[PDB]
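[1] how does the following fold in three dimensions:
(9 chains, ligands or ions: 7)
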Amino acid sequence: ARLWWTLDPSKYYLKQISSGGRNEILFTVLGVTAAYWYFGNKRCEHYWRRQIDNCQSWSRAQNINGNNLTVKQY
Amino acid sequence: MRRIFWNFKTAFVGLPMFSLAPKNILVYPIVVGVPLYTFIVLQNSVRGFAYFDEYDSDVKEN
Amino acid sequence: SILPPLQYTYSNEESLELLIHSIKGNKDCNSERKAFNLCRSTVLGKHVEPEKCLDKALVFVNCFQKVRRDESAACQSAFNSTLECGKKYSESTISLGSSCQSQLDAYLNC
Amino acid sequence: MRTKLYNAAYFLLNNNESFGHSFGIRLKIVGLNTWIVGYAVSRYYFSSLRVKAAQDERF
Amino acid sequence: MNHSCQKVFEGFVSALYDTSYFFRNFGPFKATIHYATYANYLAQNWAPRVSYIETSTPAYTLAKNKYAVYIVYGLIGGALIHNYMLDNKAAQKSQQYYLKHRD
Amino acid sequence: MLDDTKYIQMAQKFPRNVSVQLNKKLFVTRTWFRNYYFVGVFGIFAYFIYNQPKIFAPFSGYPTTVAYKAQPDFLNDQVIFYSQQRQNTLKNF
Amino acid sequence: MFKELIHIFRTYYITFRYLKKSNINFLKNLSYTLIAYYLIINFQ
Amino acid sequence: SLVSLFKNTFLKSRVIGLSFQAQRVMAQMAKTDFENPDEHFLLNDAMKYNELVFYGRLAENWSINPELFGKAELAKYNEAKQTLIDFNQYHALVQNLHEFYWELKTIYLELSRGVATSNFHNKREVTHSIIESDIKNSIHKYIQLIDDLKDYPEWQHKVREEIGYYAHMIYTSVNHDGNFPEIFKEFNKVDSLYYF
Amino acid sequence: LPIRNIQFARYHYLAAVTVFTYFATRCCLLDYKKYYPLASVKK
Ligand SMILES: CCCCCCCCCCCCCCCCCC(=O)OC[C@H](COP(=O)([O-])OCC(O)COP(=O)([O-])OC[C@@H](COC(=O)CCCCCCCCCCCCCCCCC)OC(=O)CCCCCCCCCCCCCCCCC)OC(=O)CCCCCCCCCCCCCCCCC
Ligand SMILES: CCCCCCCCCCCCCCCCCC(=O)OC[C@H](COP(=O)([O-])OCC(O)COP(=O)([O-])OC[C@@H](COC(=O)CCCCCCCCCCCCCCCCC)OC(=O)CCCCCCCCCCCCCCCCC)OC(=O)CCCCCCCCCCCCCCCCC
Ligand SMILES: CCCCCCCCCCCCCCCCCC(=O)OC[C@H](COP(=O)([O-])OCC(O)COP(=O)([O-])OC[C@@H](COC(=O)CCCCCCCCCCCCCCCCC)OC(=O)CCCCCCCCCCCCCCCCC)OC(=O)CCCCCCCCCCCCCCCCC
Ligand SMILES: CCCCCCCCCCCCCCCCCC(=O)OC[C@H](COP(=O)([O-])OCC(O)COP(=O)([O-])OC[C@@H](COC(=O)CCCCCCCCCCCCCCCCC)OC(=O)CCCCCCCCCCCCCCCCC)OC(=O)CCCCCCCCCCCCCCCCC
Ligand SMILES: CCCCCCCCCCCCCCCCCC(=O)OC[C@H](COP(=O)([O-])OCC(O)COP(=O)([O-])OC[C@@H](COC(=O)CCCCCCCCCCCCCCCCC)OC(=O)CCCCCCCCCCCCCCCCC)OC(=O)CCCCCCCCCCCCCCCCC
Ligand SMILES: CCCCCCCCCCCCCCCCCC(=O)OC[C@H](COP(=O)([O-])OCC[N+](C)(C)C)OC(=O)CCCCCCCCCCCCCCCCC
Ligand SMILES: CCCCCCCCCCCCCCCCCC(=O)OC[C@H](COP(=O)(O)OCCN)OC(=O)CCCCCCCCCCCCCCCCC
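    Numbering: from 1, shown residues only, chains lettered A, B, ... in the order given. Ligands and ions are numbered 1, 2, ... in the order given. Next up is the structure itself:
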């Protein structure tokens, strides 16, 4: 059998762009900005929460037809 | 009528396959998984395999 | 977010006090707790007619209150030592070290 | 047109050390990869199972 | 196969071939496919990267191409650590606010 | 340098009116073998990647849930329900 | 790795011979995209 | 017209830059076989191949604004545009030949699956009529193609060596009885002697 | 010939493979429901 395992990068994808190295910083800036936005939203939603349980938290239920939900004691 | 010519006991595809394949397919599985699986299972049980009973198992209704 | 929201905001001091008192109570009054849980397990005792459990519940609560109110001087001293150790452990943002198990064992034996 | 036929070589060749030595390595790698993929599939399958239901329950 | 089923099968495969050919070679569809193929090629073979073949003498290689990896690592690590610190600050702020509001 | 003379000549001088008719049946057969090996082989891998997270991380796909409270209606033998919207969150770790 | 899996399937399965190098490349691109999506999503 | 300036600059840059590469890409495509003519570009190195394929359409279709072009620059752009159109036609020709090759290879693959040793479920002693007709018509088209390439000895030789290989394998897959003399009548003239 | 940041590429590929395998197989996050019958109890 032939040995083929290796961690080295393939030369097919190792080319540079004409003006220099590949667009690494430009894409990393976008990635960092997107991560900042996403994690900021997640943190804001997560931390500023409380559960308030009282009569005003309950409303009258209804069917998908909009009528009030009541089930008989059949 | 398909006529097959085959040396069952000496051809490379025969009893030699039974002797060879099982001991070579399970080389990496055994030698890697068994130590790895043992490590993964035991590292939790530094103190013991104790089930901290969150429900009253010893309590039986009168 | 998937983590449940909080209902009652406990101060860190209050949280540690209640936690230590709870650990003590599970030793002092496990009998009342077990009886209450047994009576609250059945359908009739849990949803339909919870009042049949009320008396048992009361007893349990009383026991817990008695634990929450450290009556013995030795109990108070041990609880204060354990609570101070817990506060120091919690406030330590630097790499944490020794545990507060010794003080807890001292308190549970009071 | 009667299609031609042949006698598969591996059915009529005396077993040799080269076949064994090379196919052993190939089977080692095949077993490793198959074991990994099958473990993944097994975890997926078992996690896909439903929860136990009551006795004589409809819906 | 039976020659009647042969007629049916030939007609069906001809219809499939014609449908595929029309859909691929229709003006707007052809333009869409032609642009999307190149977009896919750009994405797959020219994705952002940190390792690349250096064919230039040290005098003819920019500094950006010698410290891009370090800049990327700095950006990512700083983002992660700053998000962690922001999470801790938000935890403290929320705790203090809801404590001072009641209990 | 490789002696690509003949290939250079082939590239420079190629016919511009020669074409071959394609048997539709064989083209379709090959393409449907390709579809068979896509849907039924790579489809397994694609569906695993798409779904396995949805099996091991279900809570992130169902954000809002509903809760109910009930009261009796003795004089009509009915049951009255009050609904409530909640954020589907973990519970009893 | 992917290359090796494709090579084994091509060399052992007669039916798999039907696929062009272009179709293999399309599968390669789709698999890479799915792997990137999997890595990203698991952490979300 | 700023947008016109940018459009024309983009077109000029891409088209002229690729025109200097069209020779290399076309030569490489010729070098490989017809099974996967773009094999080298997919596996080893994409020497501005996908770029040529994409920008050929733009060269053919997108308009030009001569007032934004010089004299020698405009002549060079027209030359490059013609080169890209030539590449478009060359790619179309190679694609046609490659698809015909795959037709023949499909026929051969069906035969091989027929005679495969693992084929314990679909073993057929006698070739059926449908595949015989397919073989006959495919060989007829191949002979017509060889005739049509009489002015291009290199192309004719490549078409033989590449496509006729599977015709020869099909020839070898079956016995010389039944309709065999009629099916391979055209093949027996010259091609059969070549593949011996 | 020289490849910029080759070692970084090797380690990134290794990390990607490790993470993908970890999440796909969940090798580290086993299930212990099968061991519960074979475990002692407290309290
Ligand atoms: C961000 C949010 C918005 C995203 C919107 C995306 C929209 C995409 C629409 C695409 C439409 C079809 C396009 C057809 C091609 C037309 C353009 C063209 O031919 O190229 C011209 C131009 C030059 O091409 P070329 O001359 O042929 O050069 C190549 C040659 O080999 C010659 O090479 P060379 O050596 O001469 O060098 C030339 C160099 C020249 O290149 C450049 O100059 C470009 C450099 C980068 C941009 C620089 C400018 C930055 C500032 C822009 C500011 C814009 C402001 C806009 C304001 C708008 C206000 C309204 O070329 C390159 O290096 C090409 C770069 C290719 C980059 C590909 C990126 C792939 C990955 C993307 C996703 C990454 C996710 C990571 C997540 C990881 C998380 C862990 O290239 C480009 O325009 C590049 C575009 C690349 C991206 C297109 C595809 C994006 C798809 C994203 C994934 C979305 C998936 C969603 C699911 C799917 C269903 C929806
Ligand atoms: C020819 C006919 C053959 C017929 C065979 C019929 C077989 C029927 C099987 C029925 C199902 C058995 C399931 C066992 C589950 C075991 C785990 C378990 O208890 O989990 C609890 C399970 C929950 O699972 P979980 O915890 O979420 O995850 C389980 C995972 O396995 C993860 O758990 P873990 O993390 O603890 O995993 C342990 C770790 C352990 O891994 C290791 O460390 C590996 C160690 C290996 C050591 C081996 C040593 C051998 C020594 C060799 C020595 C050779 C010497 C030679 C010398 C030569 C001379 C020098 O990983 C593994 O166990 C690896 C598994 C992956 C397998 C990879 C290969 C898959 C493809 C190949 C399959 C076999 C093909 C054979 C073809 C034969 C052709 C002739 O829940 C239960 O309580 C279920 C209990 C099991 C019953 C399930 C019933 C389902 C019924 C479905 C309906 C249809 C049934 C159809 C039946 C048909 C019958 C004919
Ligand atoms: C529970 C969850 C759900 C599970 C099911 C999920 C299914 C997902 C979709 C699968 C889609 C598969 C089809 C698309 C892929 C490409 C197929 C293809 O090439 O198309 C043309 C090709 C036919 O080509 P052909 O020209 O007609 O054949 C002549 C060529 O020379 C032939 O040349 P060749 O080299 O191309 O042909 C080799 C051919 C293989 O085809 C053959 O040539 C022969 C196939 C039959 C072989 C039967 C065994 C022969 C004797 C061996 C010794 C057995 C000993 C057992 C007892 C041991 C006792 C100790 O290989 C394949 O089929 C490639 C893919 C195979 C794996 C994927 C399919 C797995 C199906 C598993 C369930 C099957 C149904 C239940 C069976 C059990 C019921 C109790 O395949 C087909 O059209 C048939 C497809 C397969 C049908 C099922 C046959 C049984 C397979 C059992 C495999 C078991 C593996 C172990 C793990 C199983 C875990 C579930
Ligand atoms: C849900 C999420 C969605 C978004 C994410 C998507 C992610 C997945 C990827 C999707 C990929 C597939 C996309 C769908 C296929 C679209 C096919 C198509 O366009 O069909 C046209 C195509 C007809 O065009 P044709 O046959 O190729 O051309 C001959 C015609 O006679 C026409 O001849 P003509 O000369 O009269 O007109 C030529 C030109 C109109 O000509 C003009 O007026 C000039 C256009 C711009 C030329 C390039 C100037 C670049 C200047 C530098 C910019 C630098 C920016 C900053 C960065 C600097 C540092 C690098 O019209 C086109 O052909 C437009 C094609 C699309 C844009 C091509 C330009 C690419 C480069 C510029 C954009 C990318 C940024 C590159 C930056 C870096 C550059 C180095 O076929 C159709 O008519 C099909 C219609 C039905 C299908 C849907 C049509 C959708 C139309 C969308 C228009 C979008 C315009 C751009 C918006 C930009 C917003 C920021
Ligand atoms: C219709 C169009 C056509 C559709 C076709 C169908 C398929 C879809 C196609 C769509 C097109 C895009 C497809 C995805 C890209 C595929 C790339 C590919 O296949 O490349 C293979 C190719 C394989 O090559 P290879 O030879 O095998 O080598 C690979 C090795 O891994 C070698 O890798 P490497 O070594 O070069 O590394 C790569 C590099 C890549 O990374 C980057 O540079 C990128 C960075 C992230 C940028 C993210 C930008 C995202 C922007 C998004 C903006 C919003 C978009 C919204 C769009 C909406 C719609 C318009 O990695 C790094 O930079 C490593 C960073 C590690 C950081 C470590 C942190 C350390 C912290 C500690 C610091 C030190 C502390 C010391 C303390 C000491 C205490 C004592 O990959 C590459 O070579 C490129 C690198 C890999 C890039 C992966 C990018 C994946 C992006 C997925 C995006 C999915 C978006 C879905 C959106 C859905 C919306 C609904
Ligand atoms: C849920 C479903 C599970 C079902 C499990 C089924 C398991 C199937 C395991 C199959 C193993 C591999 C062989 C079949 C597939 C081969 C695919 C392939 O590429 O091969 C092509 C090749 C054959 O094709 P070829 O050799 O012509 O090669 C192709 C060449 N050209 C292209 C020129 C045509 O290999 C084979 O098919 C070899 C077949 C060997 C068969 C060996 C049979 C052994 C039987 C042992 C029985 C033991 C009984 C013991 C009883 C004891 C009682 C006490
Ligand atoms: C090596 C190459 C091949 C590799 C292949 C790899 C495949 C990867 C597949 C990935 C996707 C995995 C999907 C898993 C779905 C499993 C569904 C299943 O059958 O689960 C078992 C299920 C009962 O499970 P459950 O209801 O949860 O009850 C137990 C709860 N404790 O069982 C049931 O409910 C039983 C009814 C459903 C199942 C019906 C199956 C019908 C099969 C018909 C076969 C027809 C062909 C026959 C051929 C031979 C003919 C002679």
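[2] drop to CA atoms for contacts and neighbour counts, all remaining ones
    Noted.
[3] which residue is nearest the middle of the chain?
    I went with chain A, as the question did not name one. residue A:38 (7.1 Å; CA atoms, centre = their mean).
[4] I was after chain I.
    Within chain I, one residue has its C-alpha closest to the average C-alpha position: by CA atoms, centre = their mean, that is residue I:22, at 3.2 Å.
[5] any residue of the one helix or strand that one maps to touching chain A?
    Residue I:22 is part of helix I:6-25 when elements are defined by DSSP states H and E. Yes: applying CA under 8 Å from any CA of the partner chain, one finds helix I:6-25 touching chain A at I:6, I:9-11, I:13-14.
[6] run the chain-centre distance for the next helix or strand after that helix.
    Moving toward the C-terminus from helix I:6-25, the first helix or strand encountered (DSSP H and E) is strand I:40-41. On the basis of CA atoms, centre = their mean, to the nearest Å, strand I:40-41 is displaced by 29 Å from the centre of the chain it belongs to.
[7] one more: stretch H:131-145?
    Relative to the chain's own centre, stretch H:131-145 is displaced by 18 Å; criterion: CA atoms, centre = their mean.
[8] tell me if it is near chain F.
    Yes: Stretch H:131-145 reaches chain F (CA under 8 Å from any CA) through H:141, H:145.
[9] now what about that stretch, what contacts it?
    Applying CA atoms under 8 Å, 6 or more residues apart in numbering or on different chains, the external contacts of stretch H:131-145 come out as F:18-21, H:103-104, H:107, H:164, H:167, H:183-184, H:186-187.
[10] those, buried ones only, as a PyMOL selection?
    What follows is the PyMOL syntax selecting those of the contacts of stretch H:131-145 that are buried according to 16 or more other CA atoms under 10 Å in any protein chain shown:
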select buried, (chain F and resi 19) or (chain H and resi 103+104+107+164+167+183+184+186+187)
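[11] before we move on, back to that, for the helix holding residue I:22, enumerate the helices and strands it packs against.
    helix D:17-48, helix G:21-42 (3 or more CA pairs under 8 Å, 6 or more residues apart in numbering or on different chains; DSSP states H and E).
[12] which of these sits closest to chain H?
    When the helices and strands packed on helix I:6-25 are ranked by proximity to chain H, the top entry is helix G:21-42, at 6.1 Å, counting by CA to the nearest CA.
[13] list the helices and strands that closest one packs on?
    Using 3+ CA pairs under 8 Å, 6+ apart as the contact criterion, the secondary-structure elements in contact with helix G:21-42 are helix F:43-56, helix H:39-43, helix I:6-25.
[14] which parts of chain H are helices?
    With DSSP state H applied, chain H shows helices at H:2-19, H:22-31, H:39-43, H:49-61, H:71-115, H:129-148, H:153-173, H:180-183, H:185-189, H:191-194, listed in chain order.
[15] oops, could you answer that again for chain E instead?
    If you assign secondary structure with DSSP H, the helices in chain E sit at E:3-25, E:27-45, E:64-101.
[16] for chain I, tell me whether the second one is touching it.
    No: in this structure, helix E:27-45 remains apart from chain I according to CA under 8 Å from any CA; the gap is never smaller than 16.0 Å.
[17] buried residues, that helix. List them.
    By neighbour count with 16+ other CA under 10 Å, helix E:27-45 contains the buried residues E:34, E:38, E:44.
[18] ok, for the residue in chain A positioned nearest to chain D, nearest residue in space, not its chain neighbours?
    Nearest residue of chain A to chain D, counting by CA to the nearest CA: residue A:1, 5.3 Å away. Using CA to CA, 6 or more residues apart in numbering or on different chains and skipping residues adjacent in sequence, the residue nearest residue A:1 is residue D:22, 5.3 Å away.
[19] nearest to residue H:44, of the helices of chain E?
    Distances from residue H:44 to each of the helices of chain E were compared using CA to CA; the shortest belongs to helix E:27-45, at 12.0 Å.
[20] between helix H:49-61 and that closest one, find me the angle.
    Going by axes from the mean of the first three to the mean of the last three CA atoms, to 10 degrees, helix E:27-45 is angled at 150 degrees with respect to helix H:49-61.
[21] other SSEs contacting helix E:27-45?
    Packed against helix E:27-45, as judged by 3+ CA pairs under 8 Å, 6+ apart, are the following elements: helix E:3-25, helix H:49-61.
[22] what's the most buried one of the ones you listed?
    Between those, the one whose residues have the most neighbours on average, counting mean count of other CA atoms under 10 Å in any protein chain shown, is helix H:49-61 (a mean of 18).
[23] wait, does that helix contact ligand 5?
    No: figure legend: helix H:49-61 not in contact with ligand 5 (CA under 6 Å from any ligand atom); closest approach 14.0 Å.
[24] next, the angle helix H:2-19 makes with that helix.
    Computed by the same axes, to 10 degrees, the angle between helix H:49-61 and helix H:2-19 is 130 degrees.
[25] contacting residues around helix H:49-61?
    Applying CA under 8 Å, 6+ apart, the set of residues contacting helix H:49-61 from outside is E:34-35, E:38, E:41, H:11, H:14-15, H:18, H:22, H:25, H:41, H:81, H:84-85, H:87-88.
[26] change it to 7 Å
    Contacts made with helix H:49-61 from outside it, assessed by CA atoms under 7 Å, 6 or more residues apart in numbering or on different chains, are listed as E:34, E:38, H:15, H:18, H:25, H:41, H:81, H:84-85, H:88.
[27] now the residue nearest to residue A:49 when sequence neighbours are not counted, what's its secondary structure?
    Counting by CA to CA, 6+ apart, the nearest residue to residue A:49 once its immediate chain neighbours are dropped is residue C:5, at 5.9 Å. In terms of secondary structure, residue C:5 is coil; the call rests on DSSP: H, G, I helix; E, B strand; the rest coil.
[28] for residue C:5, what are its contacts?
    Residues in contact with residue C:5 (CA under 7 Å, 6+ apart) are A:49-51.
[29] need the phi and psi values for residue 41.
    All of this is about chain A. phi -60, psi -50 (degrees, to the nearest 10).
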